[PDB]
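*Asks:* Data file input27.pdb (PDB, C-alpha atoms) is appended below.
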ATOM      1  CA  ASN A   1     -20.012  13.547  51.138  1.00  0.00           C
ATOM      2  CA  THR A   2     -17.152  13.280  48.705  1.00  0.00           C
ATOM      3  CA  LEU A   3     -17.782  13.719  44.999  1.00  0.00           C
ATOM      4  CA  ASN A   4     -17.784  10.252  43.730  1.00  0.00           C
ATOM      5  CA  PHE A   5     -14.260   8.839  43.668  1.00  0.00           C
ATOM      6  CA  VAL A   6     -12.953   5.452  42.456  1.00  0.00           C
ATOM      7  CA  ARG A   7     -10.755   5.764  39.541  1.00  0.00           C
ATOM      8  CA  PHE A   8      -9.839   6.145  35.860  1.00  0.00           C
ATOM      9  CA  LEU A   9     -10.362   2.497  35.111  1.00  0.00           C
ATOM     10  CA  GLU A  10     -13.602   0.862  36.180  1.00  0.00           C
ATOM     11  CA  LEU A  11     -15.775   0.288  33.112  1.00  0.00           C
ATOM     12  CA  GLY A  12     -15.221   0.990  29.406  1.00  0.00           C
ATOM     13  CA  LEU A  13     -14.010   4.325  27.883  1.00  0.00           C
ATOM     14  CA  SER A  14     -10.829   4.499  25.756  1.00  0.00           C
ATOM     15  CA  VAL A  15     -11.624   4.101  22.061  1.00  0.00           C
ATOM     16  CA  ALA A  16     -13.178   7.224  20.988  1.00  0.00           C
ATOM     17  CA  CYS A  17      -9.408   7.709  20.580  1.00  0.00           C
ATOM     18  CA  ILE A  18      -6.250   5.769  20.037  1.00  0.00           C
ATOM     19  CA  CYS A  19      -3.189   7.609  21.261  1.00  0.00           C
ATOM     20  CA  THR A  20       0.038   9.232  21.106  1.00  0.00           C
ATOM     21  CA  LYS A  21       0.880  11.563  24.006  1.00  0.00           C
ATOM     22  CA  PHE A  22       1.953  15.110  23.148  1.00  0.00           C
ATOM     23  CA  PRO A  23       3.711  16.831  26.078  1.00  0.00           C
ATOM     24  CA  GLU A  24       6.414  19.209  24.829  1.00  0.00           C
ATOM     25  CA  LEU A  25       3.843  21.263  22.953  1.00  0.00           C
ATOM     26  CA  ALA A  26       4.021  24.903  21.744  1.00  0.00           C
ATOM     27  CA  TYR A  27       4.474  24.739  17.955  1.00  0.00           C
ATOM     28  CA  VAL A  28       1.501  23.831  15.614  1.00  0.00           C
ATOM     29  CA  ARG A  29      -1.790  25.042  14.281  1.00  0.00           C
ATOM     30  CA  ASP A  30      -2.810  23.046  11.211  1.00  0.00           C
ATOM     31  CA  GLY A  31       0.296  20.918  10.564  1.00  0.00           C
ATOM     32  CA  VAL A  32       0.643  17.572   8.831  1.00  0.00           C
ATOM     33  CA  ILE A  33       0.167  13.877   9.280  1.00  0.00           C
ATOM     34  CA  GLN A  34       0.555  11.379   6.523  1.00  0.00           C
ATOM     35  CA  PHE A  35       0.594   8.039   4.930  1.00  0.00           C
ATOM     36  CA  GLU A  36       1.987   7.220   1.463  1.00  0.00           C
ATOM     37  CA  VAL A  37      -0.413   4.946  -0.572  1.00  0.00           C
ATOM     38  CA  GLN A  38      -3.801   4.672  -2.351  1.00  0.00           C
ATOM     39  CA  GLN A  39      -6.811   2.440  -3.333  1.00  0.00           C
ATOM     40  CA  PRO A  40      -7.267  -0.783  -5.418  1.00  0.00           C
ATOM     41  CA  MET A  41      -7.323  -0.789  -9.293  1.00  0.00           C
ATOM     42  CA  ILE A  42      -6.621  -2.294 -12.784  1.00  0.00           C
ATOM     43  CA  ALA A  43      -6.529  -6.076 -14.097  1.00  0.00           C
ATOM     44  CA  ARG A  44     -10.459  -6.135 -15.424  1.00  0.00           C
ATOM     45  CA  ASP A  45     -10.806  -3.782 -18.586  1.00  0.00           C
ATOM     46  CA  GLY A  46     -10.789  -4.545 -22.299  1.00  0.00           C
ATOM     47  CA  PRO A  47      -7.772  -3.617 -23.855  1.00  0.00           C
ATOM     48  CA  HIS A  48      -9.503  -0.813 -21.961  1.00  0.00           C
ATOM     49  CA  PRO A  49      -9.491   2.912 -22.747  1.00  0.00           C
TER      50      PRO A  49
ATOM     51  CA  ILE B   1      16.547  -1.417 -10.437  1.00  0.00           C
ATOM     52  CA  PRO B   2      17.332  -3.007  -6.935  1.00  0.00           C
ATOM     53  CA  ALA B   3      13.978  -4.168  -5.776  1.00  0.00           C
ATOM     54  CA  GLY B   4      14.163  -7.925  -5.790  1.00  0.00           C
ATOM     55  CA  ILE B   5      14.734  -9.618  -2.472  1.00  0.00           C
ATOM     56  CA  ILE B   6      11.521  -8.112  -1.602  1.00  0.00           C
ATOM     57  CA  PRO B   7       8.397  -8.538   0.443  1.00  0.00           C
ATOM     58  CA  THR B   8       6.614 -11.903   0.508  1.00  0.00           C
ATOM     59  CA  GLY B   9       3.864 -11.098   2.982  1.00  0.00           C
ATOM     60  CA  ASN B  10       2.572  -8.294   5.166  1.00  0.00           C
ATOM     61  CA  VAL B  11       5.291  -5.710   4.905  1.00  0.00           C
ATOM     62  CA  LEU B  12       5.771  -4.602   8.540  1.00  0.00           C
ATOM     63  CA  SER B  13       7.567  -1.328   9.234  1.00  0.00           C
ATOM     64  CA  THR B  14       7.063   2.373   9.619  1.00  0.00           C
ATOM     65  CA  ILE B  15       5.394   5.467   7.894  1.00  0.00           C
ATOM     66  CA  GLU B  16       6.840   8.985   7.192  1.00  0.00           C
ATOM     67  CA  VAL B  17       5.483  12.540   7.940  1.00  0.00           C
ATOM     68  CA  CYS B  18       6.721  15.979   8.897  1.00  0.00           C
ATOM     69  CA  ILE B  19       6.709  18.214  12.079  1.00  0.00           C
ATOM     70  CA  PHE B  20       7.057  21.597  10.377  1.00  0.00           C
ATOM     71  CA  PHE B  21       9.692  23.733  12.011  1.00  0.00           C
TER      72      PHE B  21
ATOM     73  CA  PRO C   1     -34.798 -53.646 -31.546  1.00  0.00           C
ATOM     74  CA  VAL C   2     -31.085 -53.408 -32.288  1.00  0.00           C
ATOM     75  CA  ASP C   3     -28.680 -51.828 -29.792  1.00  0.00           C
ATOM     76  CA  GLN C   4     -24.945 -52.020 -29.752  1.00  0.00           C
ATOM     77  CA  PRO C   5     -21.764 -51.743 -27.724  1.00  0.00           C
ATOM     78  CA  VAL C   6     -21.416 -48.150 -28.825  1.00  0.00           C
ATOM     79  CA  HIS C   7     -18.715 -45.511 -28.365  1.00  0.00           C
ATOM     80  CA  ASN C   8     -18.133 -41.763 -28.451  1.00  0.00           C
ATOM     81  CA  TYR C   9     -14.914 -40.002 -29.442  1.00  0.00           C
ATOM     82  CA  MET C  10     -14.553 -36.291 -30.042  1.00  0.00           C
ATOM     83  CA  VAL C  11     -13.478 -33.290 -32.348  1.00  0.00           C
ATOM     84  CA  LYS C  12     -13.138 -29.674 -31.512  1.00  0.00           C
ATOM     85  CA  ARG C  13     -13.224 -25.644 -31.124  1.00  0.00           C
ATOM     86  CA  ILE C  14     -12.117 -23.200 -28.135  1.00  0.00           C
ATOM     87  CA  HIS C  15     -11.765 -19.376 -27.204  1.00  0.00           C
ATOM     88  CA  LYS C  16      -9.480 -16.572 -25.581  1.00  0.00           C
ATOM     89  CA  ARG C  17      -9.481 -12.658 -24.913  1.00  0.00           C
ATOM     90  CA  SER C  18      -6.151 -10.332 -25.249  1.00  0.00           C
ATOM     91  CA  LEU C  19      -4.103  -8.694 -22.141  1.00  0.00           C
ATOM     92  CA  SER C  20      -1.999  -6.661 -19.655  1.00  0.00           C
ATOM     93  CA  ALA C  21      -2.320  -5.041 -16.065  1.00  0.00           C
ATOM     94  CA  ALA C  22      -1.729  -1.381 -14.858  1.00  0.00           C
ATOM     95  CA  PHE C  23      -0.019   1.797 -13.633  1.00  0.00           C
ATOM     96  CA  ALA C  24       1.912   4.646 -15.545  1.00  0.00           C
ATOM     97  CA  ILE C  25       4.120   7.700 -14.518  1.00  0.00           C
ATOM     98  CA  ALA C  26       7.109   9.936 -15.566  1.00  0.00           C
ATOM     99  CA  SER C  27      10.809  10.077 -16.303  1.00  0.00           C
ATOM    100  CA  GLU C  28      12.672   9.056 -13.135  1.00  0.00           C
ATOM    101  CA  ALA C  29      14.511   6.290 -14.955  1.00  0.00           C
ATOM    102  CA  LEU C  30      17.221   8.061 -16.884  1.00  0.00           C
ATOM    103  CA  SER C  31      16.381  11.335 -15.157  1.00  0.00           C
ATOM    104  CA  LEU C  32      18.709  10.188 -12.447  1.00  0.00           C
ATOM    105  CA  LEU C  33      19.872   6.856 -13.871  1.00  0.00           C
ATOM    106  CA  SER C  34      22.820   8.779 -15.203  1.00  0.00           C
ATOM    107  CA  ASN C  35      24.897   8.063 -12.026  1.00  0.00           C
ATOM    108  CA  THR C  36      25.787   4.534 -10.651  1.00  0.00           C
ATOM    109  CA  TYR C  37      29.234   4.739  -8.625  1.00  0.00           C
ATOM    110  CA  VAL C  38      31.035   8.211  -9.013  1.00  0.00           C
ATOM    111  CA  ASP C  39      28.835  11.454  -8.944  1.00  0.00           C
ATOM    112  CA  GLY C  40      26.459  12.317  -6.113  1.00  0.00           C
ATOM    113  CA  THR C  41      28.853  12.215  -3.223  1.00  0.00           C
ATOM    114  CA  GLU C  42      27.415  13.974  -0.182  1.00  0.00           C
ATOM    115  CA  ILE C  43      23.831  14.577   0.682  1.00  0.00           C
ATOM    116  CA  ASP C  44      20.988  12.826  -1.174  1.00  0.00           C
ATOM    117  CA  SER C  45      19.886  11.384   2.168  1.00  0.00           C
ATOM    118  CA  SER C  46      16.116  11.670   1.905  1.00  0.00           C
ATOM    119  CA  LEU C  47      16.461  11.108  -1.806  1.00  0.00           C
ATOM    120  CA  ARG C  48      17.271   7.487  -1.359  1.00  0.00           C
ATOM    121  CA  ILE C  49      15.511   7.374   1.985  1.00  0.00           C
TER     122      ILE C  49
END
Spit out the file's structure as structure tokens when you get a sec.

*Replies:*
Amino acid sequence: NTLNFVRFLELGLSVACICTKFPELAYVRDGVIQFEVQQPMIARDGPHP
Amino acid sequence: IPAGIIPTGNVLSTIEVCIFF
Amino acid sequence: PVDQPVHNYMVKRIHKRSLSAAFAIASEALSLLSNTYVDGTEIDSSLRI
């Protein structure tokens, strides 16, 4: 026997994730990641408060 | 202000954040 | 009984409901609108970035 072996890509697995690789490592614990905008708003009101 | 030849659709570029050295 | 080549013309009244649309923040304008082609020579890179 050989523990069952034909490869990485034979049904359906890679979107728990997306990616970016990360080789060089050795610097973070609880760093950042961003974006820079927010969520829809104001042209129904009165002349609202 | 200079913001006037300015996007007319799905504005398609990049997004900033900060690897803290 | 009587019945005519009759007509209908028309006289009037109509409505409307006052405006604007939103956002509102602080004093950037002058706060560094004091420059515009002499002062600020070297290193506001990420400032205008």

*Asks:* Could you give me, as a ChimeraX atom specification, the residues within 10 Å of region 1-18 of chain B, counting only C-alpha atoms and dropping anything in the same chain fewer than 5 positions from it?

*Replies:* /A:31-36 /C:29,33

*Asks:* How many Å lie between CA of residue 18 (chain C) and CA of residue 46 (chain A), rounded to one decimal?

*Replies:* 8.0 Å

*Asks:* If the ChimeraX specification (/B :<12) & /C were run on this exact file, what residues would it hold? Put them as a list in words.

*Replies:* residues 28, 29, 30, 32, 33, 36, 46, 48 and 49 of chain C

*Asks:* Using only C-alpha atoms, please write the residues we just selected to a file, as an mmCIF file, in the frame of the given file.

*Replies:*
data_model
loop_
_atom_site.group_PDB
_atom_site.id
_atom_site.type_symbol
_atom_site.label_atom_id
_atom_site.label_comp_id
_atom_site.auth_asym_id
_atom_site.auth_seq_id
_atom_site.Cartn_x
_atom_site.Cartn_y
_atom_site.Cartn_z
ATOM 1 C CA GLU C 28 12.672 9.056 -13.135
ATOM 2 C CA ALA C 29 14.511 6.290 -14.955
ATOM 3 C CA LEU C 30 17.221 8.061 -16.884
ATOM 4 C CA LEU C 32 18.709 10.188 -12.447
ATOM 5 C CA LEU C 33 19.872 6.856 -13.871
ATOM 6 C CA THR C 36 25.787 4.534 -10.651
ATOM 7 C CA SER C 46 16.116 11.670 1.905
ATOM 8 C CA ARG C 48 17.271 7.487 -1.359
ATOM 9 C CA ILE C 49 15.511 7.374 1.985
#

*Asks:* From the set C:3, C:47, C:23, C:35, which residue has the shortest atom-to-atom contact distance to chain A, counting all atoms listed in the file?

*Replies:*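 Of the candidates, the smallest distance to chain A is held by C:23.
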
*Asks:* Counting only C-alpha atoms, which residues in chain C sit no more than 12 Å from chain A? For each one, give the nearest pair of atoms and the distance in Å, sorted by chain then residue number, as CSV.

*Replies:*
residue,atom,partner,partner_atom,distance
C:17,CA,A:46,CA,8.6
C:18,CA,A:47,CA,7.0
C:19,CA,A:47,CA,6.5
C:20,CA,A:43,CA,7.2
C:21,CA,A:43,CA,4.8
C:22,CA,A:42,CA,5.4
C:23,CA,A:42,CA,7.8
C:24,CA,A:42,CA,11.3

*Asks:* Around all of region 1-15 of chain B's listed atoms, make the axis-aligned box with 3 Å on each side and tell me centre and edge lengths in Å to one decimal, as JSON.

*Replies:*
{"center_x": 10.0, "center_y": -3.2, "center_z": -0.4, "size_x": 20.8, "size_y": 23.4, "size_z": 26.1}

*Asks:* Which residue out of A:38, A:49, A:10, A:30 has the minimum interatomic distance to chain B when all atoms listed in the file are used?

*Replies:*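 The shortest atom-to-atom distance to chain B comes from A:30.
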
*Asks:* In Å to one decimal, how far is CA of residue 40 (chain A) from CA of residue 17 (chain A)?

*Replies:*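 Computing the Euclidean distance for CA of residue 17 (chain A) and CA of residue 40 (chain A) yields 27.4 Å.
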
*Asks:* Figure out the distance between CA of residue 28 (chain A) and CA of residue 8 (chain A), please, to one decimal in Å.

*Replies:*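 Computed distance, CA of residue 8 (chain A) to CA of residue 28 (chain A), equals 29.2 Å.
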
*Asks:* Generate the missing atoms of region 5-26 of chain A up to N, CA, C and O atoms and report them as an mmCIF file, keeping the file's coordinate frame.

*Replies:*
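result.cif written:
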data_model
loop_
_atom_site.group_PDB
_atom_site.id
_atom_site.type_symbol
_atom_site.label_atom_id
_atom_site.label_comp_id
_atom_site.auth_asym_id
_atom_site.auth_seq_id
_atom_site.Cartn_x
_atom_site.Cartn_y
_atom_site.Cartn_z
ATOM 1 N N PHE A 5 -15.678 9.043 43.944
ATOM 2 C CA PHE A 5 -14.260 8.839 43.668
ATOM 3 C C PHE A 5 -13.743 7.388 43.840
ATOM 4 O O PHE A 5 -13.175 7.040 44.878
ATOM 5 N N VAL A 6 -13.860 6.571 42.773
ATOM 6 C CA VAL A 6 -12.953 5.452 42.456
ATOM 7 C C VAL A 6 -12.776 5.372 40.928
ATOM 8 O O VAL A 6 -13.738 5.549 40.171
ATOM 9 N N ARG A 7 -11.572 4.991 40.485
ATOM 10 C CA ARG A 7 -10.755 5.764 39.541
ATOM 11 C C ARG A 7 -10.986 5.627 38.037
ATOM 12 O O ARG A 7 -12.063 5.242 37.567
ATOM 13 N N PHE A 8 -9.954 6.083 37.315
ATOM 14 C CA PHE A 8 -9.839 6.145 35.860
ATOM 15 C C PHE A 8 -10.381 4.895 35.200
ATOM 16 O O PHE A 8 -11.018 4.955 34.142
ATOM 17 N N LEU A 9 -10.123 3.744 35.809
ATOM 18 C CA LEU A 9 -10.362 2.497 35.111
ATOM 19 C C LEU A 9 -11.340 1.604 35.845
ATOM 20 O O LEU A 9 -10.918 0.651 36.507
ATOM 21 N N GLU A 10 -12.649 1.830 35.656
ATOM 22 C CA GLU A 10 -13.602 0.862 36.180
ATOM 23 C C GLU A 10 -14.839 0.585 35.301
ATOM 24 O O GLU A 10 -15.723 -0.102 35.808
ATOM 25 N N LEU A 11 -15.010 1.120 34.065
ATOM 26 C CA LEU A 11 -15.775 0.288 33.112
ATOM 27 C C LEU A 11 -15.187 0.162 31.677
ATOM 28 O O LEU A 11 -14.684 -0.900 31.298
ATOM 29 N N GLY A 12 -15.287 1.229 30.854
ATOM 30 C CA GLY A 12 -15.221 0.990 29.406
ATOM 31 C C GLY A 12 -14.901 2.099 28.387
ATOM 32 O O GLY A 12 -15.531 2.097 27.337
ATOM 33 N N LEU A 13 -13.946 3.031 28.613
ATOM 34 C CA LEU A 13 -14.010 4.325 27.883
ATOM 35 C C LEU A 13 -13.007 4.619 26.745
ATOM 36 O O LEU A 13 -13.239 5.576 26.001
ATOM 37 N N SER A 14 -11.899 3.904 26.570
ATOM 38 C CA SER A 14 -10.829 4.499 25.756
ATOM 39 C C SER A 14 -10.775 4.044 24.293
ATOM 40 O O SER A 14 -9.732 3.543 23.867
ATOM 41 N N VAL A 15 -11.847 4.155 23.509
ATOM 42 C CA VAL A 15 -11.624 4.101 22.061
ATOM 43 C C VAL A 15 -12.523 5.035 21.270
ATOM 44 O O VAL A 15 -12.799 4.799 20.088
ATOM 45 N N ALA A 16 -13.014 6.095 21.867
ATOM 46 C CA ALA A 16 -13.178 7.224 20.988
ATOM 47 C C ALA A 16 -11.875 7.499 20.260
ATOM 48 O O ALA A 16 -11.864 7.600 19.037
ATOM 49 N N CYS A 17 -10.783 7.505 21.000
ATOM 50 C CA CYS A 17 -9.408 7.709 20.580
ATOM 51 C C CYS A 17 -8.692 6.428 20.160
ATOM 52 O O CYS A 17 -9.316 5.376 20.029
ATOM 53 N N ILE A 18 -7.426 6.613 19.755
ATOM 54 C CA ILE A 18 -6.250 5.769 20.037
ATOM 55 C C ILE A 18 -5.335 6.737 20.766
ATOM 56 O O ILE A 18 -5.842 7.707 21.324
ATOM 57 N N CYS A 19 -4.046 6.472 20.933
ATOM 58 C CA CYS A 19 -3.189 7.609 21.261
ATOM 59 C C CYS A 19 -1.881 7.759 20.518
ATOM 60 O O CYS A 19 -1.427 6.891 19.768
ATOM 61 N N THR A 20 -1.331 8.945 20.744
ATOM 62 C CA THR A 20 0.038 9.232 21.106
ATOM 63 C C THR A 20 -0.051 10.411 22.076
ATOM 64 O O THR A 20 -0.904 11.285 21.915
ATOM 65 N N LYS A 21 0.782 10.407 23.119
ATOM 66 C CA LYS A 21 0.880 11.563 24.006
ATOM 67 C C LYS A 21 1.390 12.744 23.196
ATOM 68 O O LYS A 21 1.594 12.635 21.992
ATOM 69 N N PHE A 22 1.564 13.891 23.853
ATOM 70 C CA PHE A 22 1.953 15.110 23.148
ATOM 71 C C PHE A 22 2.388 16.171 24.159
ATOM 72 O O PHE A 22 1.789 17.247 24.232
ATOM 73 N N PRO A 23 3.434 15.907 24.961
ATOM 74 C CA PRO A 23 3.711 16.831 26.078
ATOM 75 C C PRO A 23 4.376 18.154 25.729
ATOM 76 O O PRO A 23 3.905 19.212 26.165
ATOM 77 N N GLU A 24 5.420 18.134 24.910
ATOM 78 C CA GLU A 24 6.414 19.209 24.829
ATOM 79 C C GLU A 24 5.812 20.535 24.329
ATOM 80 O O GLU A 24 6.433 21.593 24.375
ATOM 81 N N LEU A 25 4.519 20.496 24.010
ATOM 82 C CA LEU A 25 3.843 21.263 22.953
ATOM 83 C C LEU A 25 4.465 22.587 22.508
ATOM 84 O O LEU A 25 5.680 22.667 22.312
ATOM 85 N N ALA A 26 3.617 23.577 22.211
ATOM 86 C CA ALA A 26 4.021 24.903 21.744
ATOM 87 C C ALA A 26 4.627 24.942 20.335
ATOM 88 O O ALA A 26 5.688 25.557 20.185
#
